[PDB]
């Protein structure tokens, strides 16, 4: 057996790569994690042999640590590979961007002597640069998981575009709830106030999943984040608080000044 992990992009049917679609089409079995029922239908018409990985998330109010969800997803994928199936894992977005299941399945498959690889896809961050007309190169880019920003020591560069992913669960330390609380997001606000003013405009972004749907682009002061409506798919964009300033130290080592830049 063998494993190829693909992404489907955020948009229905059209944001998958030509090659990745061909992998789904020719697979013996597909393990899916897709945004909605339109997407699920589209997959099932491409290849009817689908196991839905959604089933491994907490059902009906049960307490389940997401680390157990992800292990159960990895194990399901590997059982098909160990049985001899030409296996594809089809995840939304990019299969290895803020997504542990495909890297862990690939590490495990390789360790057991199976062919396994990952095909890049279009992630929610890719959709953001296009939707907001922002280039990450313009003043630089930083990405962190929102809860990892709160739990561990991270220092943002306030000249960059800063992304906090999974902002809807920011501070949710148990990994058993589907959303955080207003008071947790107020603590993140106070933490961010080390670098960003309380009236600094931030953007709640959600990439569209359907071709008739507009993306969510909600501008608001940082101070209003804790009252904002968030969903599991929401990303927080924090645009630069400061303009770029000349690095006179490095310019002097290069023997040049600002006037010399082309």
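Residue numbers count along the first chain shown, from 1.
- Looking at 53-61 and 209-217 together, the entry lists the larger mean B-factor for 53-61, computed on C-alpha atoms.
- Looking at 178-186 and 75-83 together, the entry lists the larger mean B-factor for 178-186, computed on C-alpha atoms.
- Which of 94, 103, 141, 110 has the largest Cα B-factor in the deposited entry comes down to 110.
- In this entry, the residue among 198, 203, 43, 27 with the greatest C-alpha B factor is 198.
- Residue-level temperature factors show residue 223 in the highest third of its chain, judged at the C-alpha atom.
- Among all modelled residues in this chain, the alpha-carbon of residue 193 has a temperature factor (C-alpha) in the highest third.
- In the PDB entry, a CA B factor belonging to the highest third of its chain's modelled residues is recorded for residue 156.
- Looking at the C-alpha B-factors along this chain, the one for residue 129 belongs to the lowest third.
- Residue-level temperature factors show residue 98 in the middle third of its chain, judged at the C-alpha atom.
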